[PDB]
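According to this note's numbering, the first sequence holds residues -10 to 1021 in order. Below: the structure, in structure tokens.
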Amino acid sequence: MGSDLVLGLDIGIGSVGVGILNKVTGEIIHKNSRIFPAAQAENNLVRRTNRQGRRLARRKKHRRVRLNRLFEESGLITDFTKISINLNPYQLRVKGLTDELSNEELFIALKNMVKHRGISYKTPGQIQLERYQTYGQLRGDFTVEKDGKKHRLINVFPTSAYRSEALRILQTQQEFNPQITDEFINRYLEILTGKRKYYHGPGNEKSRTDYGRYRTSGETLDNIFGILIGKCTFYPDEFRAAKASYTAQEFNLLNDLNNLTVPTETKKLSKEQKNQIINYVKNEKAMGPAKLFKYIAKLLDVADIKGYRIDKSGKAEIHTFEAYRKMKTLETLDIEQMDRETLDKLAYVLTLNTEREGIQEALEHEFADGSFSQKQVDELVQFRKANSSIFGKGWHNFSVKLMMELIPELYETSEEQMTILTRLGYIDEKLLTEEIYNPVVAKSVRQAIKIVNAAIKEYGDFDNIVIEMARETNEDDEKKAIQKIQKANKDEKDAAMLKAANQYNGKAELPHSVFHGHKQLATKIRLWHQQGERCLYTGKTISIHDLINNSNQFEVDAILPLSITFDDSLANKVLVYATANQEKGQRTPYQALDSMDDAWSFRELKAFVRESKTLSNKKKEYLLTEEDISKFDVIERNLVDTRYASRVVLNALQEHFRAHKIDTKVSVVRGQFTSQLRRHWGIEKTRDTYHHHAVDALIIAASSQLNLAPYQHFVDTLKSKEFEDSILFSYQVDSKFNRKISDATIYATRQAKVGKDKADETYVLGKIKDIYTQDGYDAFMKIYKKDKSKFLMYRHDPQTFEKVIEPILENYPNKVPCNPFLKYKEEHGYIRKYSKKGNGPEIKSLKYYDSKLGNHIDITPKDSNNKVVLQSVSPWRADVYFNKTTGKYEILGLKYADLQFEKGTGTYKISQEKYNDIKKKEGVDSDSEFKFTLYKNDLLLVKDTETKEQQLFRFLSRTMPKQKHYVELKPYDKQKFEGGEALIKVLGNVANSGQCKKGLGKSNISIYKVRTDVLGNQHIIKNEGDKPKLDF
RNA sequence: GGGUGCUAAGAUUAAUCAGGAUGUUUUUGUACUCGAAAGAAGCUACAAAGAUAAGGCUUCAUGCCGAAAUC
DNA sequence: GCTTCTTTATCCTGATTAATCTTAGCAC
DNA sequence: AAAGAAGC
Ligand SMILES: [Mg+2]
Ligand SMILES: [Mg+2]
Ligand SMILES: [Mg+2]
Ligand SMILES: [Mg+2]
Ligand SMILES: [Mg+2]
């Protein structure tokens, strides 16, 4: 090509390694690590989950706001201030079934029913009220001992049952009350039972939201998943065709038929021979690949035909125009009256839409007015439901338009698609990623593109841009072993489905009716087959009759919880009874089994799992690992995204170096080659630091021009002492506001004297959720040994503390530690609060004075006698000032929670008044000059004035509000400090704990902000502006 | 040998929507403790009602936005 | 003031669209 | 991982 320099890229989810070198000389021209922690984009799972949770709560709250207006307009209640909140609504929901209720009694019964409306895929009040009476509790997920055994209940009931009940209640009230109109009953049942459709989403005509049906643009779709249909591989503004469309069925077969080799004089079929094979299968009612190959065996010996698509086992495959044949079995319609485009569109709607309303609305809106009658669409919706397996197979990679350009050529040429398409025929990173919905893959892509752009303008274009790719070379033996594993996987499902059918019907296939609204049945049945038809936490057998007809009773548990592992694979999944998944909670089977009331023992499972031959190896490893794993310790999704991001860029480059015709070669390397060259070559990848990314990339760049002094020189320059300390680093700064603001925990406070306090102080409460776990007793003892007066029971109920709790710690085992409280309960059941008659309630939790309230967010109810707070408030940015008078620096701290939505405007901002506020509390003189703002991962040089010493750090935040001008810093060259690292004299060693927290408000110290381009070229930025930037 | 295209499967995962049951905390009621009661205490449990990222929107409702990306 | 060290909410049900790797069968 | 009060 033009010049002599080859760039290498090692693209990851949070880093892209960079490296340039002369193909000829072997000199290394540039080395670089670009870092942008993926942790922030994977947070979007946190982001979706909370957004959806916010909508369920909003609508549950609105369900009772809606019921308020219903009650006013009916004239039943106007004044909602004297409504009592201490009646028993569950007793009124059973009383109103036969006897009259007060208008306010009725409001209480309906309001309570609306707050828990049940699932929707003896009335419940009666069952609830009797759980209240015999067990003293209704809600949640609790244990009950019956006839010697322990069972588990939950407050889950079907919405249809709440509907039946409310209908009976309001009807008998209608006997007694004349204001209970039929419209009142109807509109309440809408509030009660009303659900939005999954293909509509949020909003209404007035409330436009681009999350749902009624868009901000003014358009209102029929199905919000229509706009997510992929686009054509070649005509990129055309949507793709349904796999059940005619155009797709014709193209698929045609391309199949031109891919076989026949004994004909051409070795390939003719235009005429094709046309009646199409005509043959299109008019034959029964059809499969075998019957088809039996017929061109007639149209010419079947075993002499070659080139057919193969099955996992080997039972050859070919297209059959299956969708068209079974559509032709419609009676109210004919599948032949319709031209090409009205059958392709019928496939579009029947593929996308899955329910009556979605189908019925699409046909009206996208077919001419008189194209279908009520009985005709009646059959189509029954036809679609009876054939969800055919219309759930998705969408072709091609649009209809492109296939129309190809289809006649496939009739004519005997060429297959590819040879047909060939015969006829800087990068904008934002447009490249405009329609990729994976913020992790999308970000690593833009980071990689933005690097090559900057690499060209500082170095001109390249001869080669090399990209490491996570792909596999395999020889014959490995390959066979893959498809045997892939075969055993499909064999296992069919074996499971067959065993499911025999034990349900006796027949060998299961009716389609069972899979409606339970599309996941196949995988559940597969798990059910792996587990020997047994729930591995309770030990009860699971019968497909319950699994299909009472499918509520079961849930698919993540063995090692997703909160901790993020393992969504089949090996991290079992099918268990619902109540056992719930009690297991966020725990492994090991952590949870023996603690569960309605469950096996862990030894009985340790038995069954290895006595079992159906369970996977990986699945057994997960079911039994005694590892106290948790959320804060030191996955597959990361590999998916590396390949996705690496591929997207690689293709986006070779497209760029073709269409604009610069012809920079674009090559590729695998990890198996680089990782072993690293072993064969010298480079020793060092510990826990970002240097290895730049070296990874250079090894990538070298692996290409390896077909060749210079081979020597390059590896010399690589393994040299003066190399690792010459690598440059550039981090992506995070300036985004309105991130997660604090911890989720809602903390109570009390006034008390603790330790060396003789004036009352405000204390934040903690709570031991369950004293009967060892983690609960462990926490108990730490507090007990340090200060028993911390437990509020010690202070406000000393009878229980010294007459009930203290004796237990005397008379119970404690040891392999064990929990004395749990032993007691194995004896007497739940520790009861002290009383004279044995009357007291049970004890599960103990709250304690924890720490003094410091920095917080105030969420105190107007109700409350004590403040309620959120804590661990997260920072946004730090504004650095200097004060000429004192000579010292003054660092202000901004947090996400300091910005808010301004009421009148709706804008998200901080006002100058409150900003100038934070200025005074932080110790910043009003007559000091702003200098530069610091955001996350901005770099800083901290220069010592006393000595000549200086050091470069990267910023994390302004830390510890009480200690003014205190900031926490992270290293320039790696992720974290180990602890005790030497710094400049004035700052001293970083704390041995690991966190570098230092106050920068001293007298002899110079600090400058530093920026880098994405290549690691830094430039000092001593002053930024006159005033802090606050534009919103 | 890499790259890529059509198809089918196997294995992973991403985006988005509709829902359930909790958990946290406030207040009240009841039980428990104290008091002769009224009550007190706010521990401990159940229930209900309110709040549930701080906080906002307008179109009064199957109402809408608020933890990603934009650097 | 400087360092240490405790602390940190979740389990599911139903659905659609998309991507990546790996086997296959054809092909520039 | 990092907030920030506890601890000295
Ligand atoms: Mg689970
Ligand atoms: Mg705790
Ligand atoms: Mg009281
Ligand atoms: Mg935190
Ligand atoms: Mg603390």
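Don't be surprised by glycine CBs; every beta carbon is placed ideally from N, CA and C.
With a threshold of 7 Å on Cβ separation, who are the neighbours of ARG197 within its own chain once the five nearest residues in sequence on each side are excluded? Its chain contains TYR203, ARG204 and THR205 as the residues whose beta carbon lies nearer than 7 Å to that of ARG197, once the 5 sequence neighbours on both sides are disregarded; these appear in chain order.
Figure out for me which residue from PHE662, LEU56, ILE797 and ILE735 has the closest Cα to the Cα of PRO850. For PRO850, the closest alpha carbon among the candidates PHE662, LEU56, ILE797 and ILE735 is that of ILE735.
Where does the unbroken alpha helix (DSSP H) through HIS518 begin, and where does it stop? From DSSP, the alpha helix (DSSP H) with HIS518 extends over 510 to 519.
Compare the Cα-Cα distances from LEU56 to each of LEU81, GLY8, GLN80 and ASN175 and report the closest residue. Looking at the Cα atoms, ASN175 is the closest of the given residues.
Tell me which same chain residues have a C-beta within less than 7 Å of the C-beta of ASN193, skipping the five on either side of it? Excluding residues within five positions, the ones whose Cβ falls inside 7 Å are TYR203.
Please determine, among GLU616, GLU544, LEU612 and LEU1019, the residue with the shortest C-alpha to C-alpha distance to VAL565. Residue nearest to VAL565 within the set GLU616, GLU544, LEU612 and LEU1019 is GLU544 (criterion: CA-CA distance).
What do you reckon, are the CB atoms on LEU835 and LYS756 nearer than 9 Å? When the beta-carbon positions are compared, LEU835 and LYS756 come within less than 9 Å of each other.
Alpha-carbon to alpha-carbon, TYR313 and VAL503: Annotation: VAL503 to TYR313 spans about 24 Å, alpha carbon to alpha carbon.
Any non-hydrogen atom of ligand 7 closer than 8 Å to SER982 Cβ: Here the bound small molecules are ligand 1, ligand 2, ligand 3, ligand 4 and ligand 5; ligand 7 is not part of this structure.
Considering only their Cβ atoms, is the gap separating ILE688 from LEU717 smaller than 9 Å? The Cβ-Cβ distance between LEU717 and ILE688 does not fall below 9 Å.
What whole-angstrom Cβ distance do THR663 and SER692 have, given they're in contact under 8 Å? Between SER692 and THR663 the Cβ distance is about 6 Å, and since that is below 8 Å, they are a contact.
If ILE994 sits next to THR948, beta carbons under 8 Å apart, how far is it from one beta carbon to the other, in whole angstroms? Cβ-Cβ separation between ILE994 and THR948: approximately 17 Å, too far for a contact (criterion under 8 Å).
Helix, strand or coil for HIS669, going by three-state DSSP, please let me know. Taken through DSSP and simplified to helix, strand or coil, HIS669 comes out as helix.
Assuming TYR720 contacts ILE24 under a Cβ cut-off of 8 Å, what Cβ separation, rounded to an integer in Å, is found between them? Between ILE24 and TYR720 the Cβ distance is about 5 Å, and since that is below 8 Å, they are a contact.
Any chance the CB of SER731 is under 8 Å from a heavy atom of ligand 5? Every heavy atom of ligand 5 is 8 Å or more from the Cβ of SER731, so no.
From the DSSP secondary-structure annotation, give me the bridge partner or partners of residue 1022. The structure shown has nothing for residue 1022, since the chain only spans -10 to 1021.
Runs of 3 residues minimum, wholly inside the segment 558 to 592: which ones carry the beta strand (DSSP E) assignment? Within the segment 558 to 592, the beta strand (DSSP E) runs of at least 3 residues that lie entirely inside it are, in chain order, 562 to 566.
Inter-residue Cα distance where the pair is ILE553 and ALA768: Here the C-alpha atom of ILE553 lies approximately 22 Å from the C-alpha atom of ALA768.
Whole-number beta carbon distance between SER377 and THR343, since they are thought to touch under 8 Å: Confirmed, Cβ separation roughly 7 Å.
Is DSSP giving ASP1020 helix, strand or coil here? Assignment of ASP1020 by DSSP, reduced to helix, strand and coil, places it in the coil class.
Any chance the CB of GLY574 is under 8 Å from a heavy atom of ligand 1? Yes.
Taking the alpha carbon of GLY671 as the reference point, which residue from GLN661, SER656 and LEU707 has its own alpha carbon closest? The shortest Cα separation from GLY671 among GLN661, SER656 and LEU707 belongs to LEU707.
Expressed to the nearest angstrom, what Euclidean distance is found between the alpha-carbon atoms of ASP723 and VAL430? In this structure, the alpha-carbon of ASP723 lies about 18 Å from that of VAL430.
Can you tell me the Cα-Cα spacing of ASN828 and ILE820, whole angstroms? Answer to the nearest angstrom: the Cα atoms are 12 Å apart.
Would you say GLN472 and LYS301 are within 9 Å of each other, going by their C-beta atoms? Judged by their CB atoms, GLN472 and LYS301 are nearer to each other than the 9 Å cut-off.
Between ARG659, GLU902, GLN365 and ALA336, which has its C-alpha nearest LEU319's C-alpha? The shortest C-alpha separation from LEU319 is found at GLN365.
State the Cα-Cα distance for the pair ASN627 and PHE60, rounded to the nearest angstrom. Answer to the nearest angstrom: the Cα atoms are 53 Å apart.
Excluding five sequence neighbours on each side, which residues of the same chain lie with their C-beta closer than 8 Å to the C-beta of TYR79? Within the same chain, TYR79 has close Cβ partners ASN101, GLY114, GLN117, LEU118, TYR121 and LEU127.
To the nearest angstrom, how far is the alpha carbon of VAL655 from that of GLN643? Each residue's alpha carbon lies about 6 Å from the other.
Would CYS221 be called buried (16 or more neighbouring beta carbons within 10 Å of its own) or exposed? Its Cβ being crowded by 16 or more others within 10 Å, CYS221 is buried.
With hydrogens ignored, establish whether the beta-carbon of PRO864 is closer than 8 Å to any heavy atom of ligand 1. No, the Cβ of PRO864 stays beyond 8 Å of every heavy atom of ligand 1.
Say yes only if the C-beta of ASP130 is nearer than 8 Å to one or more non-hydrogen atoms of ligand 1, and no if none qualify. False, no ligand heavy atom lies under 8 Å from that Cβ.
Spatially closest choice to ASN241 from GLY876, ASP962 and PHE387, by CA coordinates: Here the closest residue by C-alpha is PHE387.
Identify, in the order they occur along the chain, each residue of the same chain with its Cβ nearer than 6 Å to the Cβ of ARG739, setting aside the five sequence neighbours on each side. Excluding residues within five positions, the ones whose Cβ falls inside 6 Å are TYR752 and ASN855.
Is it buried or exposed for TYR187, if we count other Cβ within 10 angstroms and need 16 for buried? By the beta-carbon neighbour count (other beta carbons within 10 angstroms, threshold 16), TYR187 is exposed.
Reference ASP839, options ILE760, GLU405, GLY876 and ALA737, closest by Cα: Per the Cα distances, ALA737.
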